[PDB]
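# A closer look at the structure
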Amino acid sequence: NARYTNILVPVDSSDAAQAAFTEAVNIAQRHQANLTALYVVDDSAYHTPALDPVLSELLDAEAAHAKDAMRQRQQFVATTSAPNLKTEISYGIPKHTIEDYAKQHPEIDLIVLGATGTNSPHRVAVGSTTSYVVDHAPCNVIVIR
Amino acid sequence: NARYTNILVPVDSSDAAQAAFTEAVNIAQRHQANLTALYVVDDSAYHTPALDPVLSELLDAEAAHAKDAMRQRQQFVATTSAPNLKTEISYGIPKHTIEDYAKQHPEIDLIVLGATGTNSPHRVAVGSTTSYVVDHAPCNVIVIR
Amino acid sequence: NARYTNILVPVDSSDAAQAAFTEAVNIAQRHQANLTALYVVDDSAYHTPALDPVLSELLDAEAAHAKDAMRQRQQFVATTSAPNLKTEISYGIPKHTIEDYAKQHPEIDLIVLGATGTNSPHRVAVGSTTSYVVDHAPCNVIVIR
Amino acid sequence: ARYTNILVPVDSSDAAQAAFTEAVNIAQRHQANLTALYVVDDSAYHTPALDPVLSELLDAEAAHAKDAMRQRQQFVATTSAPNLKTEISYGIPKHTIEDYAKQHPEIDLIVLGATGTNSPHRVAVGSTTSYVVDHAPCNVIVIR
Ligand SMILES: Nc1ncnc2c1ncn2[C@@H]1O[C@H](COP(=O)(O)OP(=O)(O)OP(=O)(O)O)[C@@H](O)[C@H]1O
Ligand SMILES: Nc1ncnc2c1ncn2[C@@H]1O[C@H](COP(=O)(O)OP(=O)(O)OP(=O)(O)O)[C@@H](O)[C@H]1O
Ligand SMILES: Nc1ncnc2c1ncn2[C@@H]1O[C@H](COP(=O)(O)OP(=O)(O)OP(=O)(O)O)[C@@H](O)[C@H]1O
Ligand SMILES: Nc1ncnc2c1ncn2[C@@H]1O[C@H](COP(=O)(O)OP(=O)(O)OP(=O)(O)O)[C@@H](O)[C@H]1O
Ligand SMILES: [Ca+2]
Ligand SMILES: [Ca+2]
Ligand SMILES: [Ca+2]
Ligand SMILES: [Ca+2]
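Residues carry numbers counted from 1 along their chain as the sequence is written. These may differ from the entry numbering, and residues without coordinates are not shown. Think of it this way: whatever chain is written first is A, whatever ligand is written first is 1, and the rest follow in order. Derived side-chain values reflect all non-hydrogen atoms in the structure, with water molecules and hydrogen atoms excluded from consideration.

Method of determination, as given in the entry header: X-ray crystallography; reported resolution: 1.9000 Å.

As annotated in the PDB entry, chain D is Nucleotide-binding protein, universal stress protein UspA family from Lactobacillus plantarum. The title given to this PDB entry is "Universal stress protein UspA from Lactobacillus plantarum".

As annotated in the PDB entry, chain A carries the name Nucleotide-binding protein, universal stress protein UspA family and is attributed to Lactobacillus plantarum.

## What about the overall build of chain A?
Secondary structure elements are taken from DSSP: a helix is a run of H or I of four residues or more, a strand is a run of E of two residues or more, and numbering for both begins at the N terminus. What chain A contains, in helices and strands, is 4 helices and 5 strands. When the helices and strands of chain A are placed in sequence order, the string is β-α-β-α-β-α-β-α-β. Based on the C-alpha atoms only, the size of chain A along its principal axes is roughly 55 × 30 × 30 Å. Counting over 145 residues, chain A shows a buried share of 51%. Note on contacts: a residue pair is in contact if any heavy atoms of the two residues lie within 4.5 Å. Taking the intrachain contacts of chain A between residues at least 6 apart in sequence as the baseline, contacts between residues at least 24 apart amount to 74%. Accessible surface is estimated by sampling points in the Shrake-Rupley manner with a 1.4 Å probe; for residues, cover comes only from the protein chains shown. For chain A, the accessible surface area stands at approximately 6200 Å², while carbon and sulfur atoms represent 49% of it. Once the 10 positive and 16 negative side-chain charges of chain A are each reduced to a mean point, those two points are 7 Å apart. Note on exposure labels: buried denotes an accessible area under 20% of the residue type's maximum, exposed denotes more than 50%, and partly exposed covers the range between, all computed with a 1.4 Å probe on protein chains only. Positive charges come from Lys and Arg, negative ones from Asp and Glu, while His and the chain ends are left out of the count. Throughout, a charge is located at the NZ atom of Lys, the CZ atom of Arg, the CG atom of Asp or the CD atom of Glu.

## Describing helix 3 (residues 94–104) of chain A
Counting buried residues in helix 3 of chain A gives 8 out of 11 residues, a clear majority hidden from the surface. For helix 3 of chain A, the full list of buried residues reads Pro 94, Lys 95, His 96, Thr 97, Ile 98, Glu 99, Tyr 101 and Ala 102 of chain A. Of the surrounding elements, those touching the buried residues of helix 3 of chain A are strand 1 (6–10), strand 2 (34–42), strand 3 (86–92), strand 4 (110–114) and helix 4 (128–136) of chain A together with helix 4 (127–135) of chain D.

## Some thoughts on the interface of chain A and chain D
Taken residue by residue, the interface counts 26 residues in chain A and 26 residues in chain D. Contact between chain A and chain D buries roughly 2200 Å² in total, counting both sides, with carbon and sulfur atoms accounting for 58%. Looking at the side of chain A facing chain D, the largest losses of area belong to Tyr 46, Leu 58 and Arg 123 of chain A, adding up to 33% of the total buried there. In the sections that follow, a salt bridge refers to a side-chain nitrogen of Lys or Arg positioned within 4 Å of a carboxyl oxygen of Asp or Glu. Taken together, the links from chain A to chain D amount to 4 salt bridges. Once two parts are joined, some of their accessible surface, as seen by a 1.4 Å probe, is lost; buried area is that loss totalled over both.

## Side note on the sheet that holds strand 5 (residues 140–144) of chain C
One bridge is not enough; two strands pair if DSSP finds at least two bridges between them. In spatial order, the strands read 3(C)-2(C)-1(C)-4(C)-5(C)-5(D)-4(D)-1(D)-2(D)-3(D); together these 10 strands make up an open sheet with mixed pairing. Looking along the sheet, the strands with just one partner apiece sit at the ends: strand 3 (86–92) of chain C together with strand 3 (85–91) of chain D. This sheet shows a mean twist of 25 degrees between the axes of neighbouring strands, independent of strand direction. Both strand 4 (residues 110–114) of chain C and strand 5 of chain C contribute to a ladder of 5 bridges, which runs parallel. The residue of strand 5 of chain C that forms the bridge with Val 112 of chain C is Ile 142 of chain C. Helix 3 (residues 94–104) of chain C contacts strand 1 (6–10), strand 2 (34–42), strand 3 and strand 4 of chain C of the sheet and is inclined by roughly 150 degrees relative to strand 2 of chain C. Lying over the sheet, helix 1 (residues 14–30) of chain D contacts strand 1 (5–9), strand 2 (33–41), strand 4 (109–113) and strand 5 (139–143) of chain D, oriented at roughly 150 degrees with respect to strand 4 of chain D. Axis definition: a line fitted to C-alpha atoms, over the contacting stretch in the case of helices. Angles run 0 to 180 degrees between N-to-C directions.

## A short note on the nonpolar core
For this analysis, a nonpolar core means a set of buried residues of the types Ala, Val, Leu, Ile, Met, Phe, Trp, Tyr and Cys, connected via side-chain atoms within 4.5 Å. In terms of nonpolar packing, the biggest core is built from 127 residues, with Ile 7 and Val 112 of chain A, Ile 7 and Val 112 of chain B, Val 112 of chain C together with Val 111 of chain D touching the most fellow members. Excluding residues that lie within four positions of it along the chain, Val 112 of chain C makes contacts with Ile 7, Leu 8, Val 9, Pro 10, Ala 20, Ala 24, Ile 27, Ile 142 and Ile 144 of chain C. With 38 residues, the next largest nonpolar core counts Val 40 and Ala 137 of chain C together with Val 133 and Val 140 of chain D among its residues.

## Quick word on the site of ligand 2
Working definition: residue near molecule or strand if any one of its non-hydrogen atoms lies within 4 Å of it. In the neighbourhood of ligand 2, 22 residues make up the surrounding shell, with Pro 10, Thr 116, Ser 120 and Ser 128 of chain B together with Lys 95 of chain C lying closest. Ligand 2 sits at a junction of chains, with neighbouring residues supplied by chains B and C. Distance and chemistry together define a polar contact, namely a pair of N or O atoms within 3.5 Å, with one atom able to donate a hydrogen and the other to accept it when in protein, and with adjacent residues in sequence counting only for side-chain atoms on both sides. A distance of 3.0 Å is found between an oxygen atom of ligand 2 and a backbone nitrogen or oxygen belonging to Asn 119 of chain B. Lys 95 of chain C has a polar side-chain atom sitting 2.8 Å from an oxygen atom of ligand 2. In the complex, the protein chains occlude 93% of the 620 Å² of accessible area that ligand 2 would expose alone.

Shown next as C-alpha cells:
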C-alpha cells in the first residue's frame, strides 16, 4: 500500500505551526515515514555592516529558542511510533529556504505547513509563506488549520 | 488520535484532478473516512435569455460526461478498501461552490485538490481554483502534484 | 518626464471593467497615448467535437455583444482628446490572452484592469484575471476600483 | 477627474525607488499631493530581555529610511509636483500600508514597486504588493 517516505514540516514559533508539527507526527506514524522539522531564522533585516553584532544577538537568541523547541519535539516523537525526527535550524528567507530545502532534498514527498504563522492570523486566512510554498514546492503540500 | 472523517475531492476533467482523486482514495483508505468527489459545471458564461437553451445543451453534455467519469471512479473505489464514494455534480462558479460545499457540510475535514486543472498546467504551478480554496476552506487542504 | 505610449485595457462585460476603460481613456488623453480595448471570448468550455456548433453559437453571440460595446466605446473616445482607440475581440483563455497580447505587442507600456469582473465581486476584492495579469505582465499594471 | 492624494510605499530597493520616481511623475501631471511611506518591520521574534536589542536595530533602519526621504524631498523640489510628505512607521509593512490608506481615505492612488528587497529572483510580484493590490480601498498601480 502506497506511502509517504520523507516528510518536511517547516515551523515558526506559532501555535498554528506547532499544530502542523503535531499532525506531521501523526502522518509520519501512519506512513512510517521519515520526518524533518525545519525552523528558518529570517536573516534579511535591513542593516549596515556596523549593526552586524546587534543583529547576531537577536538571531542567535531566536535560534536558541528554536533549538529548545526542537529538543521538546524530539522527546515528544519518542513517545510515538513515528520512526524518527530530524530537526534543523537554518538562516535565510523562510519561504525561499523551505522551497530550496524541498528541491535540494528531492526525496521529500510531503510538506506540512500551518495555514498561518506569527504575523497575520487576524488579517489573512493563509500567510504568505504558506502561499509561496504551495506555489513553489515540487511535491504535495498540506495546509493545516 | 485524530483521523479524517469526511474528505472532499473536487475534480475537473483534468489528469491532475484525477491524480488528486486517486490520492484522496488513498487518504480515505488510511483514515477509513467518507469520501465525496465533486465536479462543478461552470454555468457563468455570458449569455442572454435567448441563448439559455444553447448554454443548457452544452452544460448538460458536460454534466453527463462528468457522471461517466464518476461511475468509473465508483468502480475504481470498489477495488480498494476505502469505505465509500459519494459522487456529486453541481452547477455554479467552481471555486465558490467548493468553498460553499465545505462550509455548508461542516463535517468535511479535508479537501484534496490537484495543483493545476484543465486550463493552465502550462502557465502556472498552482491554479486559481486551488489558490482560492486553500485560502477560503474552513479545514485542512492538501494540494496534489 | 516619462509618458505612456501604448495602453491596453482588457475588458469583460462588467461595470468594473467599464470603469477601467473610462480611466484608460483619461490616461490615454493625458499621455496622448495609443489606446487598445481588448475583450477576450473565453473558449475553454468543456465540449466534444460534436458540440462545436452549440459552443460556436454561444461564443458568436457573446462576441457580437462585445462588438456592440466596442462600437459604443469608439463613440465615447471621439468626444475626448484621446488620440485613438483600437478595439479587439479575441478568443482564448482570458488571462493568458491578455499576457500574450502584451508580449506580442511589446510597445505596450501599461495595462489597465478592473479590480473585479463578472464572477467574483461578492467573494474577492481582486479577481483572478487581474492578479494573474499583475503577476505576469511585462509592463506597469494599474488596477481600477 | 484627476488624482488628489497619492501614497507611494517604499522599502530600500531600486524597484521601490523606480516606483517613487513614477509617483512623482504622476503627482506633477495630476497636481496631486504625494506621500512616501517606509514601514520599519517590527515583527522579529524576540523575548522581553531582547526589546532593547531590537530597538537598536529598528531605530538604525528608520534613520537610513530618513536619509532616503531627505534625498527624495530634494528631488521633488526640482519638479512641479506640488509637495512631498515623507513618513516612517513601525509595524508589519503590508498591514500598515493597508491601514494607512483606509485611515486616510482621501488617498486615491497607491503606487508600488513590483518587487522589493527580498524576492526579485524568485517572484515577478512580491507579497507586499500582492496584499496591497488585494486590500486597497483605491486604485493601485504596480511599477516594473
Ligand atoms: N521562519 C519559518 N521557518 C519555518 N517555517 C515557517 C516560518 N515561517 C512560517 N513558516 C511556516 O509557514 C506557516 C505559515 O506562516 P506564514 O509566515 O505564511 O504566516 P503569517 O506569519 O501569519 O503571515 P505573513 O508572514 O505572510 O505575514 C507556518 O505555520 C509554518 O508552518
Ligand atoms: N469545475 C471544477 N469542479 C471541481 N473541482 C475543480 C474544478 N476546476 C478545478 N477544480 C479543482 O482544482 C484543481 C486545480 O484546478 P484550477 O482550476 O485551479 O487549475 P487550472 O484550470 O489549470 O487554472 P485556472 O482555472 O486558474 O486557469 C483541479 O485539479 C481540481 O481538483
Ligand atoms: N474575458 C476578458 N477579456 C478582457 N478582460 C477581462 C476578461 N475577464 C476579465 N477581464 C479584466 O479583468 C478585470 C477583473 O476581472 P476578473 O476576471 O479578474 O474578476 P472576476 O470575474 O470577478 O473574478 P474571477 O474570474 O477570479 O472569479 C476586469 O475588470 C477586466 O478588466
Ligand atoms: N517595508 C516597506 N515599507 C513600505 N513599502 C514597502 C515595504 N516593503 C515593500 N514595500 C513596497 O512594496 C513593493 C514590493 O515589495 P515586496 O515586499 O512585495 O517584494 P519583495 O521584498 O521582493 O518580496 P517578499 O517580501 O514577498 O519576499 C516595494 O517596491 C515597495 O513599493
Ligand atoms: Ca510569517
Ligand atoms: Ca480551471
Ligand atoms: Ca472573471
Ligand atoms: Ca519585502
